[PDB]
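Number of protein chains: 2
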Amino acid sequence: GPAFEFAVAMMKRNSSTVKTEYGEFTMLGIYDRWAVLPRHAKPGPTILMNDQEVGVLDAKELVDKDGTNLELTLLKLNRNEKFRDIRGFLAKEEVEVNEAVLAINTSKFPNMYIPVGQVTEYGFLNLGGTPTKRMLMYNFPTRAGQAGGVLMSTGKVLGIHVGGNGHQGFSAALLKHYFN
Amino acid sequence: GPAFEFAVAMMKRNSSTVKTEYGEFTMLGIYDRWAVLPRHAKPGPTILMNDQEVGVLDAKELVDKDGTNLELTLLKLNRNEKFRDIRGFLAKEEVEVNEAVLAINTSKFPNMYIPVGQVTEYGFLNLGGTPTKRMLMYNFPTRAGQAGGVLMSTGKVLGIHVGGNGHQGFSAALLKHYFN
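Quick look at the structure:
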């Protein structure tokens with residue numbers, strides 16, 4: 001209810017459609033010129049952001065202290081505009097929630113919002129071969145083309161949708177300390 | 001905001017996924033055993049409703065008094081369950097609204113809600129060759145597979161999404177007197 005209202009404003013102010021050599025993704029700007037994509041978007045030196053060519057200054061594929069994968073790439077973008085700082089909507093640890101909204105913004109899915117219900121800290125997961133941590137889980141007739149989707153509840157940006165098995169979907173938690 | 005909350009409850013209680021020989025559609029039950037589909041779904045003596053075979057007793061392709069097309073088929077279904085009566089959420093004439101939500105429920109679009117913004121009484125429209133009346137219009141990066149979608153605002157079921165031109169989308173108004 002209030003979750004949808006938060007989602008729509010957030011997507012309008014901070015999201016974009018991104019095209020890489022590996023597909024089309026929703027991308028969430030976080031602050032300054034830093035954005036986040038699913039790791040498997042494998043952004044190169046340049047991406048297409050909102051049908052518009054944009055240069056990529058830096059790119060960190062995030063991992064935890066064991067080297068385990070977190071399935072997130074942070075990118076610094078060669079653009080003049082700065083993103084509204086949303087680092088205050090990110091938790092410091094994994095957030096479990098009863099009602100969440102998954103928001104998608106690609107050309108295959110232009111401005112769609114999905115009520116996904118219960119979000120649960122799944123923990124570990126083998127994902128496309130790679131073992132992965134800090135996953136959140138929800139019950140989701142998934143499809144491809146939603147990777148990058150932003151998982152939200154009221155006042156909280158919870159994580160980025162990175163995968164699914166046809167029956168459940170998985171978001172990488174978007175944690176505050178990633179963005180110091 | 002409240003529009004999303006209304007939409008989600010409505011879809012959960014009264015909508016279904018329908019497959020016909022002509023494609024896959026969202027279908028909205030109205031009361032008793034009467035539902036509505038876009039006309040171009042051309043339902044035959046039997047449809048698949050929620051992956052489940054269902055027999056179709058009667059079917060009216062709606063027209064106005066001049067014979068002009070309204071782009072809606074009403075169907076009576078051979079099932080024991082009755083739909084919750086939502087005829088009170090239907091207006092008696094075309095409703096214009098500032099914020100509407102378009103709700104889709106197919107396998108290509110499982111439980112998606114789209115904020116479509118301004119809904120305007122378009123009036124007449126040539127649609128797939130056919131001249132058509134009582135259309136509502138909103139600005140919509142459309143795609144196919146959303147025909148049947150239910151257009152709503154808070155407390156109001158406005159119409160059924162029947163078409164689009166790539167840039168705008170069009171709903172047939174769902175008017176009370178269709179259901180006497």
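Residue numbers (the authors' numbering), protein chains in the order written: chain A, 1 to 180; chain A', 1 to 180. A prime marks a further copy of an entry chain. In this text, a Cβ means the ideal position worked out from N, Cα and C, and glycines have one as well.
Tell whether a beta-carbon distance below 8 Å holds between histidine 161 of chain A and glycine 145 of chain A.
Result no, Cβ atoms of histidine 161 of chain A and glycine 145 of chain A do not sit closer than 8 Å.
With DSSP collapsed to three states, give me the class of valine 63 of chain A'.
Three-state result, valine 63 of chain A': strand.
Check the C-beta distance from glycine 169 of chain A over to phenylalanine 140 of chain A and give it rounded, since I have them as a contact under 8 Å.
About 3 Å separates the two Cβ atoms, so the contact holds.
Of the residues A':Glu93, A':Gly23 and A':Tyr178, which one's Cα is nearest the Cα of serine 107 of chain A'?
Checking every option, the nearest Cα to that of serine 107 of chain A' belongs to A':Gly23.
Determine the burial state of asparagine 14 of chain A: buried for a count of at least 16 other Cβ atoms within 10 Å of its Cβ, exposed for fewer.
Looking at its Cβ environment, which holds 16 or more other Cβ atoms inside 10 Å, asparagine 14 of chain A is buried.
From the DSSP output, in three-state form, read off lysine 82 of chain A for me.
The answer is coil: DSSP assigns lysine 82 of chain A none of H, G, I, E or B.
Report yes or no: do the region 102–118 of chain A' and the region 35–45 of chain A' share at least 3 C-beta pairs separated by less than 8 Å?
No, the region 102–118 of chain A' is not in contact with the region 35–45 of chain A'.
Considering only C-alpha positions, which residue in the set A:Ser16, A:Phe83 and A:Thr73 is nearest to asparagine 50 of chain A?
That would be A:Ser16, whose Cα lies nearest to the Cα of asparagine 50 of chain A.
Could you tell me the alpha carbon to alpha carbon distance between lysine 133 of chain A' and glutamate 121 of chain A', rounded to whole angstroms?
If you take the alpha carbons of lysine 133 of chain A' and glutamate 121 of chain A', they lie about 10 Å apart.
Counting contacts by CB-CB distance shorter than 8 Å, is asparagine 111 of chain A in contact with chain A'?
Yes, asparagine 111 of chain A lies at the interface with chain A' (some Cβ there is under 8 Å from its Cβ).
By a C-beta neighbour count over all protein chains shown, 10 Å radius and 16 as the cutoff for buried, is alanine 9 of chain A' buried or exposed?
Exposed.
Helix, strand or coil, according to DSSP, for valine 95 of chain A' in the structure here?
Coil at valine 95 of chain A', not helix or strand.
So with Cβ pairs under 8 Å, would you call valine 97 of chain A a contact of chain A'?
With 8 Å as the cut-off, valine 97 of chain A does not count as an interface residue toward chain A'.
Classify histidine 167 of chain A as helix, strand or coil using the three-state DSSP reduction.
It is coil, neither helix nor strand.
Mind listing the chain A' neighbours of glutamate 5 of chain A? Cutoff is C-beta to C-beta under 8 Å, in chain order.
Per Cβ cutoff of 8 Å: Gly1 and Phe4.
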